[PDB]
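So the chains spell out like this:
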Amino acid sequence: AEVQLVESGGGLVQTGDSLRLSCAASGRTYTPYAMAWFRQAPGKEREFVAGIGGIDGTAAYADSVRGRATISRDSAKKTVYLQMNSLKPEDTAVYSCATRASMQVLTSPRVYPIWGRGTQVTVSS
């Protein structure tokens, strides 16, 4: 209700390409609270991709994006970024950002009450 999230940066790319997604937060925000990216592929369920939380900005990454992803936050712009490199067709999905009133970055979608509408990433070969 009191925080809104808007994702951008999705597109159609070729296998191997990079994309930077952004999640812009507005409203009653607090930088240390967890911000997470999830993705949902066609015919599949939502799954954690990466997240950042805490006073020091500690990042966590899913096994699925090991060595291919970087998450960062810009407190001044109230924005969290996800850089994805070496994209593959299996990365095709709606990428959505989510937040919660805790610093803990968790992997279950069910524990985040606030979601953006998502941004689509489609990777062709």
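Residues numbered from 1 in each chain as written, not as in the entry; some residues may be left out. Heavy atoms only, no water.

X-ray crystallography is the method the PDB entry states for this structure, with the resolution given as 1.35 Å.

The protein chain is annotated in the PDB entry as Single Domain Camelid Nanobody VHH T9 of Lama glama.

Asker: Is there a simple way to explain a nonpolar patch on the surface in this structure?
Answerer: On the surface, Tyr30, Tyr33, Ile55 and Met103 cluster together into a nonpolar patch covering about 420 Å² of accessible area. Here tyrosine 30 lies in the loop between β3 (19–27) and β4 (35–40). (Patch = residues over 30% accessible without salt bridge, like charges linked within 9 Å, V, L, I, M, F, W, Y side chains within 5 Å. Areas by Shrake-Rupley, 256 points an atom, 1.4 Å probe, with all protein chains shown as cover. Salt bridge = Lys/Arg side-chain N within 4 Å of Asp/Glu carboxyl O. Helix = DSSP H or I, 4+ residues; strand = E, 2+ residues; numbered from the N terminus.)

Asker: Is there a simple way to think about the packing of aromatic side chains in this case?
Answerer: What describes a pair of aromatic rings is the distance from one ring centre to the other and the angle between the planes of the rings. Tallied over the full model, the rule gives five aromatic pairs. Plain terms: the ring middles of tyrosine 30 and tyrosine 33 are 4.9 Å apart, the flat faces sit at 80° to each other, and that makes the pair edge-to-face. Its relative accessible area of 47% is what places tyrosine 30 among the partly exposed residues. Relative to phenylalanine 48, the ring of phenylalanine 38 has its centre 5.8 Å away and its plane inclined at 80°; by these criteria the two rings are edge-to-face. You can see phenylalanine 38 sitting in strand β4 and its partner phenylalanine 48 sitting in strand β5 (residues 47–53), a full 10 residues away along the chain. Neither residue differs from the other here; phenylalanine 38 and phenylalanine 48 are each classed as buried. Here a set of aromatic residues connected by ring pairs shows up, and it is made of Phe38, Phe48, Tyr112 and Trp115. Seen from the ring of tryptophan 115, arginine 46 lies directly overhead, with NZ or CZ sitting 3.8 Å from the centre. (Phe/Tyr/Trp six-rings, centres within 6.5 Å; stacked < 30°, edge-to-face > 60°. Buried < 20%, exposed > 50% of the residue type's maximum accessible area, 1.4 Å probe, protein only. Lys NZ or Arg CZ within 6 Å of the ring centre and 35° of its normal.)

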